[PDB]
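These notes are about the structure you will find just below.
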Amino acid sequence: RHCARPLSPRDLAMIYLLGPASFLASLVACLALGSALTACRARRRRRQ
Amino acid sequence: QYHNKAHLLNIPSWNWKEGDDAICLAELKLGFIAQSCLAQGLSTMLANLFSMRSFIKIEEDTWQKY
Amino acid sequence: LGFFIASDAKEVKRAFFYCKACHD
Amino acid sequence: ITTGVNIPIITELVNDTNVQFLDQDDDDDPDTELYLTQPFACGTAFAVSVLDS
Amino acid sequence: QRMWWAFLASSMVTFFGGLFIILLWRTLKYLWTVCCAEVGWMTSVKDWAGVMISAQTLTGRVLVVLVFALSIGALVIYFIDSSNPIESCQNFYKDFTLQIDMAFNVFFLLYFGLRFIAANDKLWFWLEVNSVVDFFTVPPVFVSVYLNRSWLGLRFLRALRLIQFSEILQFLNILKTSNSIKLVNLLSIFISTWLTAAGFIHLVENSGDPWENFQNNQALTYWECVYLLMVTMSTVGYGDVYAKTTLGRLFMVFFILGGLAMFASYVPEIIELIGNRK
Amino acid sequence: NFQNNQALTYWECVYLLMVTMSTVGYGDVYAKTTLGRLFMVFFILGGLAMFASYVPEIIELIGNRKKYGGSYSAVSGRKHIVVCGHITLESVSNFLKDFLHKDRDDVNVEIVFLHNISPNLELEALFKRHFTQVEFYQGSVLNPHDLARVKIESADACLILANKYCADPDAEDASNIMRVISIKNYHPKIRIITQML
Ligand SMILES: CC(C)CCC[C@@H](C)[C@H]1CC[C@H]2[C@@H]3CC=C4C[C@@H](O)CC[C@]4(C)[C@H]3CC[C@]12C
Ligand SMILES: CC(C)CCC[C@@H](C)[C@H]1CC[C@H]2[C@@H]3CC=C4C[C@@H](O)CC[C@]4(C)[C@H]3CC[C@]12C
Ligand SMILES: CC(C)CCC[C@@H](C)[C@H]1CC[C@H]2[C@@H]3CC=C4C[C@@H](O)CC[C@]4(C)[C@H]3CC[C@]12C
Ligand SMILES: CC(C)CCC[C@@H](C)[C@H]1CC[C@H]2[C@@H]3CC=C4C[C@@H](O)CC[C@]4(C)[C@H]3CC[C@]12C
Ligand SMILES: CC(C)CCC[C@@H](C)[C@H]1CC[C@H]2[C@@H]3CC=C4C[C@@H](O)CC[C@]4(C)[C@H]3CC[C@]12C
Ligand SMILES: [Ca+2]
Ligand SMILES: [Mg+2]
């Protein structure tokens with residue numbers, strides 16, 4: 001039980017928001033990857 | 001059917017005066033069709049008279065309201 | 001015995017209750 | 001040129017729901033009763049079901 | 001000294017905040033409506049995500065195979081970690097299993113993002129079994145890695161990922177016959193339900209009743225719980241092992257109906273599907 | 001003298017009769033008094049029969065519902081067609097093979113099937129293979145609501161397929177005739193491509 005320690009306000013905020021923050025980050029990353037891939041495909045299609 | 005309706009008239013207990021009413025669907029439907037032939041739109045006028053209908057109002061001015 | 005066309009039977013009931021003196 | 005939609009026609013239908021196919025200039029609805037339908041209200045459709053009354 | 005509400009509530013508020021935001025967007029559309037040929041970038045990205053998750057390209061097939069393999073690996077990791085105490089301390093810098101679990105969970109989070117993008121309806125996607133499994137699986141380990149303490153929690157829900165396996169085999173054009181599809185569906189559903197219920201029983205029996213200061217705990221291994229639900233779900237009954245806590249008995253009451261019907265209607269069908277051949 | 005009493009809570013008894021009525025049996029909790037055992041003897045017959053004949057029926061009643069009862073959502077910049085009629089695995093597979101071939105241009109035309117019969121496992125797998133190009137919906141062509149669900153008013157065309165191997169060609173021709181009649185009744189300006197035997 002060495003990890004036992006008082007719960008700081010930053011600990012509370014991270015505990016209540018890490019799930020939503022991680023899911024929002026995943027959505028943003030997937031959106032960026034999709035936009036980049038679609039732009040690359042459009043560029044390779046139009047230039048020929 | 002009318003030919004099957006005529007069989008009922010041969011029953012001794014079948015009396016028209018008492019109220020033995022053999023509503024012939026084919027006969028009445030053909031009569032309504034002929035009355036529509038005489039005057040179009042009379043079949044629905046007759047049919048709506050025998051049907052019990054409530055008093056319904058529609059906000060918008062459409063044909064269904066009248 | 002008369003046949004009427006009306007929305008409800010209470011409406012046709014007024015025909016039997018019509019009085020000439022009361023509606024002169 | 002006289003089109004055929006002005007010709008007075010009455011059609012005997014056994015299935016009331018088929019009354020939606022008789023006319024093309026109305027808003028068809030399966031839940032709408034037969035008497036409420038436009039083709040019946042115009043005297044162009046007749047069914048024995050209305051005789052059940 | 002007990003820190004289970006943290007891991008519970010991270011995922012719990014994740015799922016609730018997601019539903020809340022969805023209903024809030026819907027209510028905003030509703031109030032806004034009441035008071036007041038080139039496809040789009042959103043449409044193109046949605047088509048891209050749908051093509052990828054359906055294994056219609058080489059990258060999609062690789063992603064689907066990785067999803068299958070990593071679901072199996074996460075289930076195996078849960079099996080290995082079930083032997084550990086309910087609440088313990090973790091390091092993240094000396095145990096390889098935790099790092100592998102984090103890699104798997106990051107991959108699952110990315111896959112969930114792709115699935116959400118490809119989803120036609122977001123509200124009904126949010127209530128999918130796979131979405132709920134991801135919600136109650138990934139934020140727990142994410143919080144655990146910083147808190148330096150590990151709780152067994154709801155890792156048994158990882159077994160539910162097996163339900164997707166059949167669909168995966170249909171994306172790779174491996175399952176085409178109706179009999180094979182039916183057999184894979186039945187086997188996946190049966191095994192997933194069995195393992196998930198066994199894990200739930202293991203968790204509730206080892207943790208104990210929360211309102212009794214966790215004094216009702218029973219030293220049951222995961223294999224013992226698997227055997228117990230094998231005995232129960234077949235209506236055999238032995239009494240050598242049984243659920244003693246209130247939560248365990250409530251879950252047994254529900255699982256009796258559910259799993260008994262599933263066993264009775266599945267095992268003969270699976271046996272007849274496997275047995276028949278030329 | 002009430003010396004046979006057993007300290008059983010109501011929840012414990014509810015769990016006990018759950019265990020008994022399902023024929024599972026545990027022996028962790030059981031009736032020990034004579035009256036309790038007599039009632040258990042009667043309830044075995046009664047409740048066991050009731051459970052066996054009720055639980056599958058309740059589960060099947062709750063579980064069943066429409067699976068493809070949604071409505072197609074049109075997307076701006078992309079056209080869609082509606083396919084109805086003789087919808088089988090072979091006909092759908094042939095249509096998809098000859099419609100989505102790479103020999104054509106990069107045409108983004110969605111296909112929406114409307115069929116009153118739920119697809120089997122093979123048809124479902126075929127639809128899954130064409131995940132982003134094909135959608136399915138359950139409904140009858142003669143029903144205006146089903147025609148409104150697939151957004152036929154915005155459909156580019158409507159395709160009707162016929163069973164060329166029917167025992168009676170006249171019956172199939174007539175059924176296709178009324179499918180045409182229904183689709184024209186809903187939307188008269190829609191394009192119809194249909195097979196006539
Ligand atoms: C403490 C735990 C067990 C509580 C669980 C509550 C769950 C089962 C309830 C609470 C709020 C509910 C949601 C509230 C509103 C709607 C919108 C409706 O159109 C579909 C169902 C849906 C999406 C409900 C699904 C079930 C739901 C998520
Ligand atoms: C996809 C479906 C099956 C997911 C449903 C969510 C279930 C599995 C979740 C939601 C709420 C959860 C419970 C919430 C609270 C606690 C108290 C804790 O001390 C032990 C675990 C226990 C008892 C959880 C067990 C798992 C649980 C029942
Ligand atoms: C507990 C044991 C059995 C687990 C072993 C791994 C799993 C994936 C097993 C159980 C069910 C099996 C599947 C049953 C049926 C088929 C259909 C066949 O056309 C391809 C193989 C495939 C898809 C099998 C793949 C391997 C599979 C063997
Ligand atoms: C034909 C089908 C039904 C065969 C199903 C295979 C069953 C018997 C297998 C598949 C998965 C297996 C489990 C996988 C992992 C664990 C965890 C371990 O710590 C003890 C064994 C245990 C609990 C296994 C028990 C047996 C098991 C449930
Ligand atoms: C799908 C259908 C069969 C679900 C049936 C719900 C069952 C599991 C519910 C409904 C009523 C419930 C009971 C209602 C009241 C009591 C008394 C209380 O002191 C302990 C719990 C107990 C004994 C509950 C146990 C669970 C119970 C029996
Ligand atoms: Ca019409
Ligand atoms: Mg689509």
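A note on labels: chains of the structure tokens are A, B, ... as shown, every chain counts residues from 1, and ligands are counted from 1 in their shown order.
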Exercise for the section: Find the residues near segment 15-21 of chain C: any atom within 12 Å, counting only C-alpha atoms, skip ones fewer than 5 places away on the same chain, and give them as a list in words. Expected result: residues 1, 2, 3, 4, 5, 6, 9 and 10 of chain C
Exercise for the section: Let me have all residues with an atom within 12 Å of ligand 6, counting only C-alpha atoms and all ligand atoms, laid out as an MDAnalysis selection string. Expected result: (chainID D and resid 17:30 32 37:40) or (chainID F and resid 142:144 181:188)
Exercise for the section: Compute the set of chain A residues within 6 Å of chain E, using only C-alpha atoms, and express it as number ranges by chain. Expected result: A: 15-16, 19-20, 26-27, 34
Store the residues picked out above, limited to N, CA, C and O atoms, as a compact mmCIF listing (two decimals), in the first residue's frame.
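Now in result13.txt:
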# COMPACT_ATOMS: atom_id res chain seq x y z
N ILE A 15 -8.89 12.19 -12.60
CA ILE A 15 -9.71 11.00 -12.47
C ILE A 15 -11.07 11.18 -13.11
O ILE A 15 -11.56 10.26 -13.78
N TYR A 16 -11.68 12.35 -12.96
CA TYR A 16 -12.98 12.61 -13.55
C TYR A 16 -12.93 13.04 -15.01
O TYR A 16 -13.98 13.07 -15.66
N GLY A 19 -10.84 9.82 -18.98
CA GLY A 19 -11.61 9.06 -19.94
C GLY A 19 -12.11 9.92 -21.08
O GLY A 19 -11.79 9.68 -22.25
N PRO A 20 -12.93 10.93 -20.77
CA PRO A 20 -13.40 11.84 -21.83
C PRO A 20 -12.28 12.51 -22.59
O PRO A 20 -12.38 12.66 -23.81
N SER A 26 -8.64 10.72 -29.11
CA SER A 26 -8.75 9.69 -30.14
C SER A 26 -9.60 10.16 -31.31
O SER A 26 -9.24 9.94 -32.48
N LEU A 27 -10.74 10.80 -31.03
CA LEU A 27 -11.57 11.33 -32.10
C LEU A 27 -10.83 12.37 -32.92
O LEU A 27 -10.91 12.36 -34.15
N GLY A 34 -7.91 10.94 -41.05
CA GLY A 34 -8.83 10.82 -42.16
C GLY A 34 -8.75 12.00 -43.11
O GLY A 34 -8.78 11.83 -44.34
Practice task
Excluding residue 14 of chain F and residues on its chain fewer than 3 positions from it, collect all residues at most 12 Å away from it, counting only C-alpha atoms, and give them as a PyMOL selection string.
Solution key: (chain E and resi 246+249-250+252-254) or (chain F and resi 8-11+17-21+29-30)
Problem - Env. residues ligand 3 / 7 Å / only C-alpha atoms and all ligand atoms / as a ChimeraX atom specification - result: /E:169,174-175,180,183-184,187
With N, CA, C and O atoms retained, write the just-selected residues as a PDB file, in the first residue's frame.
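The resulting file, selection.pdb, is shown below:
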ATOM      1  N   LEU E 169     -14.823 -12.431 -39.021  1.00  0.00           N
ATOM      2  CA  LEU E 169     -14.631 -13.504 -39.987  1.00  0.00           C
ATOM      3  C   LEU E 169     -15.491 -13.319 -41.227  1.00  0.00           C
ATOM      4  O   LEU E 169     -15.200 -13.925 -42.263  1.00  0.00           O
ATOM      5  N   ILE E 174     -14.038 -15.050 -45.004  1.00  0.00           N
ATOM      6  CA  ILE E 174     -13.763 -16.411 -44.553  1.00  0.00           C
ATOM      7  C   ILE E 174     -15.053 -17.167 -44.263  1.00  0.00           C
ATOM      8  O   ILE E 174     -15.168 -18.352 -44.580  1.00  0.00           O
ATOM      9  N   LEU E 175     -16.037 -16.496 -43.669  1.00  0.00           N
ATOM     10  CA  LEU E 175     -17.325 -17.099 -43.348  1.00  0.00           C
ATOM     11  C   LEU E 175     -18.313 -16.754 -44.456  1.00  0.00           C
ATOM     12  O   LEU E 175     -18.699 -15.591 -44.613  1.00  0.00           O
ATOM     13  N   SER E 180     -21.644 -22.459 -41.243  1.00  0.00           N
ATOM     14  CA  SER E 180     -20.427 -21.995 -40.585  1.00  0.00           C
ATOM     15  C   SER E 180     -20.667 -20.694 -39.832  1.00  0.00           C
ATOM     16  O   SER E 180     -20.179 -20.517 -38.709  1.00  0.00           O
ATOM     17  N   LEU E 183     -22.628 -21.516 -36.682  1.00  0.00           N
ATOM     18  CA  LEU E 183     -21.793 -22.184 -35.692  1.00  0.00           C
ATOM     19  C   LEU E 183     -20.850 -21.203 -35.009  1.00  0.00           C
ATOM     20  O   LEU E 183     -20.703 -21.226 -33.780  1.00  0.00           O
ATOM     21  N   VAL E 184     -20.204 -20.331 -35.786  1.00  0.00           N
ATOM     22  CA  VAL E 184     -19.286 -19.361 -35.200  1.00  0.00           C
ATOM     23  C   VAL E 184     -20.039 -18.382 -34.307  1.00  0.00           C
ATOM     24  O   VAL E 184     -19.571 -18.035 -33.217  1.00  0.00           O
ATOM     25  N   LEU E 187     -20.965 -20.281 -31.028  1.00  0.00           N
ATOM     26  CA  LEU E 187     -19.789 -20.534 -30.201  1.00  0.00           C
ATOM     27  C   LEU E 187     -19.275 -19.249 -29.567  1.00  0.00           C
ATOM     28  O   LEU E 187     -18.963 -19.216 -28.370  1.00  0.00           O
TER      29      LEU E 187
END
Exercise for the section: Pick out the chain B residues within 9 Å of chain D. Count only C-alpha atoms. Give them as a PyMOL selection string. Expected result: chain B and resi 25-26+28-29+32-33+36-37+40-45+47-48+50-52+64
Would you put the residues from that selection into a file with N, CA and C atoms, as a PDB file, in the first residue's frame?
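What follows is the written file again_22.pdb:
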ATOM      1  N   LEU B  25     -75.354  -8.623 -50.173  1.00  0.00           N
ATOM      2  CA  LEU B  25     -74.229  -7.734 -50.438  1.00  0.00           C
ATOM      3  C   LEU B  25     -74.069  -7.465 -51.928  1.00  0.00           C
ATOM      4  N   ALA B  26     -74.159  -8.508 -52.756  1.00  0.00           N
ATOM      5  CA  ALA B  26     -74.046  -8.315 -54.197  1.00  0.00           C
ATOM      6  C   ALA B  26     -75.196  -7.473 -54.734  1.00  0.00           C
ATOM      7  N   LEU B  28     -77.195  -5.288 -53.129  1.00  0.00           N
ATOM      8  CA  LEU B  28     -77.137  -3.903 -52.672  1.00  0.00           C
ATOM      9  C   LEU B  28     -75.969  -3.157 -53.301  1.00  0.00           C
ATOM     10  N   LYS B  29     -74.825  -3.824 -53.472  1.00  0.00           N
ATOM     11  CA  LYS B  29     -73.687  -3.161 -54.100  1.00  0.00           C
ATOM     12  C   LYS B  29     -73.976  -2.841 -55.564  1.00  0.00           C
ATOM     13  N   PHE B  32     -76.330   0.121 -55.610  1.00  0.00           N
ATOM     14  CA  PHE B  32     -75.595   1.354 -55.348  1.00  0.00           C
ATOM     15  C   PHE B  32     -74.801   1.789 -56.572  1.00  0.00           C
ATOM     16  N   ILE B  33     -74.193   0.832 -57.276  1.00  0.00           N
ATOM     17  CA  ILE B  33     -73.458   1.157 -58.496  1.00  0.00           C
ATOM     18  C   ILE B  33     -74.395   1.740 -59.546  1.00  0.00           C
ATOM     19  N   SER B  36     -75.287   5.231 -58.624  1.00  0.00           N
ATOM     20  CA  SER B  36     -74.174   6.093 -59.003  1.00  0.00           C
ATOM     21  C   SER B  36     -74.177   6.356 -60.503  1.00  0.00           C
ATOM     22  N   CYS B  37     -74.566   5.356 -61.295  1.00  0.00           N
ATOM     23  CA  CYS B  37     -74.705   5.560 -62.734  1.00  0.00           C
ATOM     24  C   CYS B  37     -75.757   6.620 -63.035  1.00  0.00           C
ATOM     25  N   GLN B  40     -73.683  10.392 -60.190  1.00  0.00           N
ATOM     26  CA  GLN B  40     -72.379  10.071 -59.626  1.00  0.00           C
ATOM     27  C   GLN B  40     -72.247  10.633 -58.216  1.00  0.00           C
ATOM     28  N   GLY B  41     -71.553   9.890 -57.357  1.00  0.00           N
ATOM     29  CA  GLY B  41     -71.329  10.304 -55.990  1.00  0.00           C
ATOM     30  C   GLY B  41     -72.452   9.993 -55.027  1.00  0.00           C
ATOM     31  N   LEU B  42     -73.491   9.281 -55.468  1.00  0.00           N
ATOM     32  CA  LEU B  42     -74.597   8.959 -54.575  1.00  0.00           C
ATOM     33  C   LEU B  42     -74.309   7.733 -53.720  1.00  0.00           C
ATOM     34  N   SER B  43     -73.427   6.842 -54.181  1.00  0.00           N
ATOM     35  CA  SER B  43     -73.100   5.651 -53.402  1.00  0.00           C
ATOM     36  C   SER B  43     -72.453   6.023 -52.074  1.00  0.00           C
ATOM     37  N   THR B  44     -71.481   6.939 -52.104  1.00  0.00           N
ATOM     38  CA  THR B  44     -70.851   7.375 -50.862  1.00  0.00           C
ATOM     39  C   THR B  44     -71.824   8.153 -49.986  1.00  0.00           C
ATOM     40  N   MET B  45     -72.712   8.943 -50.598  1.00  0.00           N
ATOM     41  CA  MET B  45     -73.727   9.660 -49.834  1.00  0.00           C
ATOM     42  C   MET B  45     -74.637   8.697 -49.084  1.00  0.00           C
ATOM     43  N   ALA B  47     -73.887   5.487 -48.322  1.00  0.00           N
ATOM     44  CA  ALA B  47     -73.103   4.694 -47.383  1.00  0.00           C
ATOM     45  C   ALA B  47     -72.808   5.469 -46.105  1.00  0.00           C
ATOM     46  N   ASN B  48     -72.489   6.760 -46.226  1.00  0.00           N
ATOM     47  CA  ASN B  48     -72.191   7.559 -45.044  1.00  0.00           C
ATOM     48  C   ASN B  48     -73.418   7.791 -44.175  1.00  0.00           C
ATOM     49  N   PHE B  50     -75.769   5.460 -43.423  1.00  0.00           N
ATOM     50  CA  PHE B  50     -75.947   4.293 -42.568  1.00  0.00           C
ATOM     51  C   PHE B  50     -74.844   4.148 -41.530  1.00  0.00           C
ATOM     52  N   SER B  51     -73.727   4.850 -41.696  1.00  0.00           N
ATOM     53  CA  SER B  51     -72.585   4.714 -40.803  1.00  0.00           C
ATOM     54  C   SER B  51     -72.635   5.787 -39.724  1.00  0.00           C
ATOM     55  N   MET B  52     -72.469   5.368 -38.473  1.00  0.00           N
ATOM     56  CA  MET B  52     -72.475   6.294 -37.349  1.00  0.00           C
ATOM     57  C   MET B  52     -71.120   6.986 -37.258  1.00  0.00           C
ATOM     58  N   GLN B  64     -60.982  17.752 -46.678  1.00  0.00           N
ATOM     59  CA  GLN B  64     -61.362  16.826 -45.618  1.00  0.00           C
ATOM     60  C   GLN B  64     -62.196  17.510 -44.545  1.00  0.00           C
TER      61      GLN B  64
END
Practice task
Would you mind listing the residues within 12 Å of ligand 1, counting only C-alpha atoms and all ligand atoms, as a ChimeraX atom specification?
Solution key: /E:8-9,12-13,15-24,26-27,122-128,132
Go ahead and write the residues just picked, N, CA, C and O atoms, as a JSON list (two decimals), in the first residue's frame.
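What ended up in selection-v1.json:
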[["chain", "number", "residue", "atom", "x", "y", "z"],
["E", 8, "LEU", "N", -13.89, 2.90, -11.24],
["E", 8, "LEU", "CA", -15.28, 2.77, -11.63],
["E", 8, "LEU", "C", -15.80, 4.07, -12.25],
["E", 8, "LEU", "O", -16.39, 4.06, -13.33],
["E", 9, "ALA", "N", -15.55, 5.20, -11.59],
["E", 9, "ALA", "CA", -16.21, 6.44, -11.95],
["E", 9, "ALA", "C", -15.56, 7.13, -13.14],
["E", 9, "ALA", "O", -16.24, 7.91, -13.80],
["E", 12, "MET", "N", -17.39, 5.43, -15.69],
["E", 12, "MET", "CA", -18.81, 5.68, -15.47],
["E", 12, "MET", "C", -19.19, 7.06, -15.99],
["E", 12, "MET", "O", -20.07, 7.19, -16.86],
["E", 13, "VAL", "N", -18.46, 8.09, -15.55],
["E", 13, "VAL", "CA", -18.66, 9.44, -16.05],
["E", 13, "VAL", "C", -18.28, 9.58, -17.52],
["E", 13, "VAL", "O", -18.84, 10.43, -18.20],
["E", 15, "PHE", "N", -19.04, 7.28, -19.89],
["E", 15, "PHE", "CA", -20.26, 6.84, -20.57],
["E", 15, "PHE", "C", -21.40, 7.83, -20.36],
["E", 15, "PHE", "O", -22.12, 8.18, -21.31],
["E", 16, "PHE", "N", -21.57, 8.30, -19.12],
["E", 16, "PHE", "CA", -22.62, 9.29, -18.85],
["E", 16, "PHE", "C", -22.38, 10.60, -19.57],
["E", 16, "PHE", "O", -23.31, 11.10, -20.21],
["E", 17, "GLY", "N", -21.17, 11.14, -19.55],
["E", 17, "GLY", "CA", -20.90, 12.37, -20.28],
["E", 17, "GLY", "C", -21.12, 12.22, -21.77],
["E", 17, "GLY", "O", -21.59, 13.15, -22.43],
["E", 18, "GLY", "N", -20.78, 11.05, -22.32],
["E", 18, "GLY", "CA", -21.07, 10.82, -23.73],
["E", 18, "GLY", "C", -22.55, 10.85, -24.04],
["E", 18, "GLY", "O", -22.99, 11.54, -24.96],
["E", 19, "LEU", "N", -23.35, 10.12, -23.25],
["E", 19, "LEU", "CA", -24.80, 10.15, -23.46],
["E", 19, "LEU", "C", -25.35, 11.55, -23.25],
["E", 19, "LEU", "O", -26.24, 12.00, -23.97],
["E", 20, "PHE", "N", -24.82, 12.26, -22.25],
["E", 20, "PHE", "CA", -25.31, 13.60, -21.94],
["E", 20, "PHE", "C", -25.04, 14.56, -23.08],
["E", 20, "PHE", "O", -25.94, 15.26, -23.54],
["E", 21, "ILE", "N", -23.82, 14.53, -23.63],
["E", 21, "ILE", "CA", -23.47, 15.39, -24.75],
["E", 21, "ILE", "C", -24.32, 15.05, -25.97],
["E", 21, "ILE", "O", -24.77, 15.95, -26.70],
["E", 22, "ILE", "N", -24.55, 13.76, -26.22],
["E", 22, "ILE", "CA", -25.38, 13.38, -27.37],
["E", 22, "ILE", "C", -26.80, 13.92, -27.20],
["E", 22, "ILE", "O", -27.36, 14.54, -28.12],
["E", 23, "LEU", "N", -27.40, 13.69, -26.03],
["E", 23, "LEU", "CA", -28.77, 14.18, -25.84],
["E", 23, "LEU", "C", -28.81, 15.70, -25.83],
["E", 23, "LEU", "O", -29.82, 16.30, -26.20],
["E", 24, "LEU", "N", -27.71, 16.34, -25.43],
["E", 24, "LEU", "CA", -27.67, 17.79, -25.40],
["E", 24, "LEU", "C", -27.65, 18.35, -26.82],
["E", 24, "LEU", "O", -28.41, 19.26, -27.15],
["E", 26, "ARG", "N", -28.88, 16.77, -29.39],
["E", 26, "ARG", "CA", -30.21, 16.52, -29.93],
["E", 26, "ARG", "C", -31.23, 17.54, -29.43],
["E", 26, "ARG", "O", -32.05, 18.04, -30.21],
["E", 27, "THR", "N", -31.20, 17.87, -28.14],
["E", 27, "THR", "CA", -32.13, 18.86, -27.60],
["E", 27, "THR", "C", -31.85, 20.25, -28.17],
["E", 27, "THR", "O", -32.78, 21.04, -28.36],
["E", 122, "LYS", "N", -24.85, 8.10, -33.95],
["E", 122, "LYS", "CA", -23.93, 8.16, -32.82],
["E", 122, "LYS", "C", -24.60, 7.72, -31.53],
["E", 122, "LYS", "O", -23.97, 7.09, -30.68],
["E", 123, "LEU", "N", -25.89, 8.03, -31.37],
["E", 123, "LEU", "CA", -26.59, 7.67, -30.14],
["E", 123, "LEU", "C", -26.67, 6.16, -29.97],
["E", 123, "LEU", "O", -26.39, 5.63, -28.89],
["E", 124, "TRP", "N", -27.06, 5.45, -31.03],
["E", 124, "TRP", "CA", -27.15, 4.00, -30.95],
["E", 124, "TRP", "C", -25.79, 3.33, -30.96],
["E", 124, "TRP", "O", -25.64, 2.22, -30.44],
["E", 125, "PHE", "N", -24.78, 3.98, -31.56],
["E", 125, "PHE", "CA", -23.42, 3.46, -31.46],
["E", 125, "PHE", "C", -22.90, 3.55, -30.03],
["E", 125, "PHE", "O", -22.18, 2.65, -29.57],
["E", 126, "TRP", "N", -23.25, 4.62, -29.32],
["E", 126, "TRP", "CA", -22.79, 4.79, -27.95],
["E", 126, "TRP", "C", -23.31, 3.71, -27.02],
["E", 126, "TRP", "O", -22.68, 3.43, -25.99],
["E", 127, "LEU", "N", -24.43, 3.08, -27.35],
["E", 127, "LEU", "CA", -25.03, 2.04, -26.52],
["E", 127, "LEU", "C", -24.69, 0.64, -27.00],
["E", 127, "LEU", "O", -25.26, -0.33, -26.49],
["E", 128, "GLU", "N", -23.77, 0.50, -27.95],
["E", 128, "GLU", "CA", -23.36, -0.81, -28.42],
["E", 128, "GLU", "C", -22.54, -1.53, -27.35],
["E", 128, "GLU", "O", -21.92, -0.91, -26.48],
["E", 132, "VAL", "N", -19.55, -0.01, -24.94],
["E", 132, "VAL", "CA", -19.60, -0.06, -23.48],
["E", 132, "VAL", "C", -18.38, -0.78, -22.93],
["E", 132, "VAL", "O", -17.82, -0.38, -21.90]]
Handout entry: Neighbour list for residue 111 of chain F as a ChimeraX atom specification, cut-off 6 Å, only C-alpha atoms, skip fewer than 3 positions in-chain
Key = /F:80-81,134
Would you save the residues of that selection, restricted to C-alpha atoms, as a PDB file, in the first residue's frame?
ATOM      1  CA  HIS F  80     -28.937   6.497 -54.308  1.00  0.00           C
ATOM      2  CA  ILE F  81     -31.099   3.909 -56.047  1.00  0.00           C
ATOM      3  CA  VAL F 134     -25.243  -1.317 -49.883  1.00  0.00           C
TER       4      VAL F 134
END
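Nearest to residue 30 of chain B of all the residues B:60, B:53, B:66, B:1 is B:1, based on only C-alpha atoms.
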Handout entry: All residues having an atom within 9 Å of ligand 4 (only C-alpha atoms and all ligand atoms) as number ranges by chain
Key = E: 75-76, 78-83, 187, 190-191, 194-195, 198, 221-227, 230, 267, 270-271
Exercise for the section: Determine which residues of segment 74-201 of chain E receive a DSSP assignment of alpha helix (DSSP H), computed from the backbone, and state them as a count of residues only. Expected result: 86
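Atom pair atom CA of residue 174 of chain F / atom CA of residue 70 of chain F has a distance of 28.9 Å (rounded to one decimal).
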Problem - Selection within 10 Å of ligand 7 by only C-alpha atoms and all ligand atoms, output as a list in words - result: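 Residues satisfying the distance criterion: residues 46, 47, 50, 118, 119 and 120 of chain E; 72, 73, 74, 75, 110, 111, 112, 130, 131, 132, 133, 134, 135 and 136 of chain F.
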Problem - Separation of atom CA of residue 266 of chain E from atom CA of residue 189 of chain E, in Å and rounded to one decimal - result: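 Distance between the two atoms: 9.4 Å.
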Practice task
Can you work out which one of E:257, E:70, E:31, E:154 has the shortest atom-to-atom distance to ligand 5, counting only C-alpha atoms and all ligand atoms?
Solution key: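 Once distances to ligand 5 are computed over only C-alpha atoms and all ligand atoms, the minimum belongs to E:257.
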Exercise for the section: Enumerate the residues of segment 16-103 of chain F with a DSSP assignment of strand (DSSP E), computed from the backbone, and present them as a ChimeraX atom specification. Expected result: /F:79-85
Can I get the selection written as a compact mmCIF listing (two decimals), in the first residue's frame, with C-alpha atoms?
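See part_29.txt below for the written result:
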# COMPACT_ATOMS: atom_id res chain seq x y z
CA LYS F 79 -27.22 9.73 -55.28
CA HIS F 80 -28.94 6.50 -54.31
CA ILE F 81 -31.10 3.91 -56.05
CA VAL F 82 -33.76 1.61 -54.61
CA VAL F 83 -33.92 -2.09 -55.51
CA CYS F 84 -37.04 -4.17 -54.82
CA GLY F 85 -38.77 -7.25 -56.19
Problem - Counting only C-alpha atoms, the residue of F:141, F:24, F:159, F:16 that sits nearest residue 194 of chain F - result: F:159
Practice task
Select, from E:265, E:137, E:178, E:71, the residue with the minimum atom-to-atom distance to ligand 2, counting only C-alpha atoms and all ligand atoms.
Solution key: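 Among the listed residues, the smallest separation from ligand 2 belongs to E:137.
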Problem - For residue 201 of chain E: contacts at 8 Å, only C-alpha atoms, fewer than 6 positions along chain excluded, given as an MDAnalysis selection string - result: chainID E and resid 225 243 248 251
Dump N, CA, C and O atoms for the selected residues as a compact mmCIF listing (two decimals), in the first residue's frame?
# COMPACT_ATOMS: atom_id res chain seq x y z
N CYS E 225 -14.52 -20.22 -10.52
CA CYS E 225 -15.75 -19.55 -10.93
C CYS E 225 -16.22 -20.03 -12.29
O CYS E 225 -17.43 -20.17 -12.53
N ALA E 243 -22.00 -18.97 -4.96
CA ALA E 243 -21.88 -17.57 -4.59
C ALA E 243 -22.48 -17.34 -3.21
O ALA E 243 -23.60 -17.79 -2.92
N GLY E 248 -23.29 -11.47 -5.66
CA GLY E 248 -23.11 -12.73 -6.36
C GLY E 248 -24.42 -13.49 -6.52
O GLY E 248 -24.69 -14.05 -7.57
N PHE E 251 -26.65 -11.71 -9.14
CA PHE E 251 -26.18 -12.05 -10.47
C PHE E 251 -26.49 -13.50 -10.81
O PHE E 251 -26.78 -13.80 -11.97
